[PDB]
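Asks: Once you've had a glance at the structure underneath, I'll fire off some questions.
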Amino acid sequence: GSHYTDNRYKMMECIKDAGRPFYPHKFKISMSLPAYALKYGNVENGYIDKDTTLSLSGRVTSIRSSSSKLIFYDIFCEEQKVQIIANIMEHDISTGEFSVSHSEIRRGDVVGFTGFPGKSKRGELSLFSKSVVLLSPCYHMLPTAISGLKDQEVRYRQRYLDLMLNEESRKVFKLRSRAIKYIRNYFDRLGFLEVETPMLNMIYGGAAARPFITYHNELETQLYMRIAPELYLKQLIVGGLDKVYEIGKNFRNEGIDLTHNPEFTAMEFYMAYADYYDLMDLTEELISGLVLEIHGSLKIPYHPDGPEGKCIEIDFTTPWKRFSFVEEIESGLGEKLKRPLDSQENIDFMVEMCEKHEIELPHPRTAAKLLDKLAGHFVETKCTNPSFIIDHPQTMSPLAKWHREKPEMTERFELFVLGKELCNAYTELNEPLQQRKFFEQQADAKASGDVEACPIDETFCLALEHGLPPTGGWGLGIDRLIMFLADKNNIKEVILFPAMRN
Amino acid sequence: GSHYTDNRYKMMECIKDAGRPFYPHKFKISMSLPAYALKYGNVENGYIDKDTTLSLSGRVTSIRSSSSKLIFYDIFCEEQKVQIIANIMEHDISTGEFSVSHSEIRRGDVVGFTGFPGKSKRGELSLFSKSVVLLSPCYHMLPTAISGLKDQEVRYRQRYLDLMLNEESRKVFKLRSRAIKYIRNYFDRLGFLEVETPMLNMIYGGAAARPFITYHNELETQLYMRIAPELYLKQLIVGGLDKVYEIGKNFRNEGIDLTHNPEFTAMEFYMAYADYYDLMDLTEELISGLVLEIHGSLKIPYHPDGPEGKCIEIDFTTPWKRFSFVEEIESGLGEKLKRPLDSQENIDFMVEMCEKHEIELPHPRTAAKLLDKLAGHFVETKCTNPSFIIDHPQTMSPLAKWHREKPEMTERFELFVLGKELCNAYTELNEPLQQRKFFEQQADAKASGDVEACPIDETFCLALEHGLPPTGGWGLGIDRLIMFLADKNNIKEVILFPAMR
Ligand SMILES: O=C(NCC1(O)CCCCC1)c1cc(=O)c2cc(O)ccc2o1
Ligand SMILES: O=C(NCC1(O)CCCCC1)c1cc(=O)c2cc(O)ccc2o1
Ligand SMILES: N[C@@H](CCCC[NH3+])C(=O)O
Ligand SMILES: N[C@@H](CCCC[NH3+])C(=O)O
């Protein structure tokens, strides 16, 4: 273990001292391994073309031998395995003696070979090698599969090992790219403009989350990492850009678990002249279309407890179920919330109800946080298939425009799948007087110890004073999306280098 | 000014008390203003279709009147202006009295109109309105153009005003999107995989830069914002992904100027089995092709001192000039650097030369920092057209692989345009023993006061011990790219919300 590594360092020193090949700068492949398979994969068993010499390269996944004169390698690159048959009778002695040449090679090494193409008598796609070059040695003994790792968390702390050994991990990251391409194309075809707004913020806002804090030394100013881009993106609608979207990181200085990483990838879009009804229709079309693209059906498997456990079929057939936020809580409770929803009376009542149904109390006990606890217990748990929870109270929705019909409510929805939040969207609040009021209430909750409440943002209020058109806005958690698309129950599966404890 | 804002708040309260329209939730347009222009722009002068009622919306850019009975608006939306002709004869009195309705509207307001399509007798594309709705008022008196702003830095502190008033700013951000689309497509067509790596780092590295520092409260751990993604991206090549790219923010806790913002957008790619010669050829093909796409030619204007100043024509015709880093310094100096380049003798000599040619001394006076100063003076200043500076010394290049031929050098290049760095690239160092050594030397320089030197990254060394294939890697500053493409001399022009004092 420890000894293998030291020996390998010693081998490489020896190789260098001996003037043998030591980390060559450039190896010129004749073609990729996939291209090789495509060209030679259909030749007859035992076919060899001694009139073509080719150079191939990959990582060694196997070493076997029949004699001191015949060695069999597998190399892997770009999802393709090719066998190398090294017969001493073909060995170019100018590269060294056969046994010396091959004694420098171990499983896990990145290597190059030259030789003649064809297929073994047994029908294996092969190169009949004349030489081998060590390009980049592996200094550690590898397992042949992830099951051989000391523990499965090595897959995340040393992701290169997972990628090396585990086709399923590679497929996830390819599916993620494909899904994001689909999403961009959806909006590009609607005439959206992709934008980038600051990740360093003088004032954080646009979500309910605790921020990361930092400091710009030259400008002598505290900054926050953005929890969301919303407050910048809306300024672009004031600016008249009409349809904008942004895809990138949010930073939330919070705990980690199966559906939470301190940095995650979100998409937000803002569309002038849309309301939240329009946004519900768009969400259905975008997401059902992506599901159909990936899976070939709107009904897809999900394994909450891993692949040998129970399977639920998630059905994305549109239109999706709607749950009215307050009404469904009241159905669950068998009684009504007190009005107004943010009165001390309703706070007291919601505390009683949390205690009665054994729901963990939030801190502080704001109306907003209590409502969220009750929603989490009574409503989110009904959202197995994609379901919209709609019409959130204003008290928990400071950037959402008041509901045109329903007192105390807003024109907001969240999309939930398997009980987890995927999207958050609303008819945007564009009336500066109440916006300012709602910011002041947020700053009061923050001063009372609500670490998820944001400070007042005057620059945003001033922007609203220049006239935000009627607008609909929307956010999607891309990591969580990939979790459902790829049937993973742990966000660490869909992020290359996720946060880990010590 | 101050009074206009208060009065507007008072108007809105009155409107609301009177039960008139107050921030309607939804206005259903019949079509976009561009679509309207396309459909009605070629009717004969004076044409009106009283059989079609349409709803249009935009921001009011103009209000004129010939009487108490006839008002002319311009509304602007989605790059299209349409004239609205409001004649009292057509006014739907159910929406209120004409004069009341129109008295609520000011220039800058977002509004809706309904009416009949056609064209004024003078040939102006118009809507003959029957009604108006105030959708979102502007509470501030606006200029009609950016020249009317109290000063031009309002354009950056209040970017919505620039976008509102200034077609040129809107065009820049559209060009930026188009350029990034072109770049993604170039690599997607090569079979690259786009990836995302952490912006929050236990250890920062992959560039020469001072980081932002933060803290994760739950894990009780200091973190750094990434200065570059390089050290993660290389691990993905160890992992066998073969061809990866990432486009996103870097964070560098430094001064701001015409070509520096504390957050900026960079692309990095890593390509197994490529070397820096391969990367030079790729750079030429990608960049020249993008220039040709945007401009229709490989020769483009640049105005270093603004649009009334001198103009330089930048020529992207390939292949581009190469300047060998050390040899060009020596040409400039008229004498040779002392060897080894990191010896005390060469440090002393480079200090003398900086003093002789009036180059500001760096602190600390490392070989790397001195070499950079001399390159900045003697080499970068020769790079008007896209030019590669190649073969940087190892001492200033801790992640670049040793040059296969030239001692003390590496297989590195930077791309310079108009004296500014656009790209940085190399044959990647994949030999863990030296890599560790060069990290240790960086950490020594850091301890001796080099605020741009990075700490040792053990996890990266361990990753190298699992075998990084021969690899070529590359970085591009997207903001700077847009500066040349769009002929801007200030990075604040190409970033929506740039840092300000
Ligand atoms: O995908 C997530 N949520 C869905 C959205 O809320 C939808 C609207 C746009 C923002 C994200 C998500 C993923 C995380 O890792 C995470 C981590 C956190 O510490 C806090 C919230 C988080 O939320
Ligand atoms: O585009 C830039 N430089 C070119 C690259 O070095 C090429 C290689 C990939 C990274 C960027 C650039 C833009 C900035 O605003 C900036 C700000 C800083 O405080 C420091 C460096 C910066 O550099
Ligand atoms: N900023 C929101 C998403 C968009 C809501 C609609 N403006 C979030 O992070 O939850
Ligand atoms: N990490 C480099 C760019 C890539 C260099 C080649 N690996 C920088 O920020 O300058």
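Line order of the protein sequences matches chains A and B.
Each residue of the first sequence is one higher than the one before, starting from 1 at the first, in the working numbering.
Each residue of the second sequence is one higher than the one before, starting from 1 at the first, in the working numbering.
We treat Cβ as the ideally placed atom computed from N, Cα and C, and that holds for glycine.
1. Which residues, in chain order, does the segment 163–179 of chain B contribute to contact with chain A at a C-beta distance below 8 Å?
2. Would you kindly work out how many angstroms separate the C-alpha atoms of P137(B) and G58(B), rounded to a whole number?
3. Tell me, please, which residues DSSP counts as bridged to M267(A).
4. Based on DSSP bridge pairs, tell me the residues matched to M409(B).
5. Under the criterion of a Cβ to heavy atom distance below 8 Å, does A179(A) qualify as lining ligand 4?
6. Which residues, in chain order, sit with a beta-carbon under 5 Å away from any heavy atom of ligand 1?
7. Find the residues of chain B that neighbour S57(A), judging by a C-beta separation of less than 8 Å, and give them in chain order.
8. Can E380(B) be considered in contact with ligand 2, in the sense that its beta carbon sits closer than 8 Å to one or more heavy atoms?
9. I'd like to know whether the C-beta atoms of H3(A) and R404(B) end up nearer to each other than 9 Å.
10. Less than 8 Å between the CB atoms is what I'm expecting for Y245(A) and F187(A), so what's the real figure, rounded?
11. Could you name the residues of the same chain whose beta carbon sits closer than 7 Å to that of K338(B), not counting the 5 residues immediately before and after it, in chain order?
12. Quick one: which chain B residues come within Cβ less than 7 Å of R159(A)?
13. If distances are taken between C-alpha atoms only, which option among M199(B), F325(B), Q235(B), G248(B) comes closest to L476(B)?
14. Would you report the Cα separation of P469(B) and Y426(B), rounded to the nearest angstrom?
15. Name the residue from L135(A), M89(A), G108(A) whose alpha carbon lies nearest to the alpha carbon of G115(A).
16. Going by beta-carbon coordinates alone, are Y40(B) and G118(B) separated by less than 9 Å?
17. Within 8 Å: the Cβ of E196(A) and any heavy atom of ligand 3?
18. With 9 Å as the threshold, decide whether the Cβ of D281(A) is near any Cβ in chain B.
19. Taking the alpha-carbon of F27(B) as reference, which of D49(B), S55(B), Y47(B), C77(B) has the nearest alpha-carbon?
20. Closer than 8 Å between beta carbons: that is the criterion. Which residues of the segment 207–218 of chain A meet it against chain B?
21. Could you tell me which residues DSSP pairs with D257(A) in its beta bridges?
22. Does ligand 4 have even one heavy atom less than 8 Å from the beta-carbon of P229(B)?
23. Is the beta carbon of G473(A) within less than 8 Å of some heavy atom of ligand 3?
24. Starting from the Cα of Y302(B), find the closest Cα among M483(B), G1(B), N87(B), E440(B) and give me that residue.
25. For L142(B), which residues from the same chain have a beta carbon less than 7 Å from its beta carbon, with the 5 sequence-adjacent residues on both sides left out?
26. Smallest Cα separation from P307(A): which of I71(A), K488(A), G376(A), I15(A)?
27. May I ask you to report which of helix, strand or coil DSSP gives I227(B)?
28. Please indicate yes or no: does the CB of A463(B) lie closer than 8 Å to some heavy atom of ligand 4?
29. Between the segment 424–450 of chain B and chain A, which residues of the former have CB atoms less than 8 Å from a CB of the latter, in chain order?
30. Could you spell out the range, first to last residue, of the beta strand (DSSP E) harbouring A368(A)?
31. Can you confirm whether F113(A), when its beta carbon is compared against all beta carbons of chain B, has any partner nearer than 9 Å?
32. At 7 Å on the CB atoms, spell out the chain A contacts of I29(B), in chain order.
33. Would you check whether ligand 3 has a heavy atom nearer than 8 Å to the C-beta of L496(A)?
34. Express the C-alpha separation of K299(A) and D315(A) in angstroms, rounding to a whole number.
35. Indicate the three-state DSSP secondary structure (helix, strand or coil) for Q80(A) in the structure shown.
36. Residues bridged to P301(A) by DSSP?
Replies: For this structure:
1. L163, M164, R170, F173, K174, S177
2. 12 Å
3. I247(A), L476(A)
4. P393(B)
5. no
6. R252(A), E254(A), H260(A), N261(A), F264(A), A266(A), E421(A), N424(A), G475(A), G477(A), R480(A)
7. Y273, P469
8. no
9. no
10. 5 Å
11. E345, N346, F349
12. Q235, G239
13. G248(B)
14. 14 Å
15. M89(A)
16. yes
17. no
18. no
19. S55(B)
20. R210, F212, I213, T214, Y215, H216, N217, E218
21. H260(A)
22. yes
23. yes
24. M483(B)
25. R107, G108
26. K488(A)
27. coil
28. no
29. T427, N430, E431, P432, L433
30. Per DSSP, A368(A) belongs to no beta strand (DSSP E); it is in the alpha helix (DSSP H), 367–378.
31. no
32. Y273
33. no
34. 5 Å
35. strand
36. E313(A)
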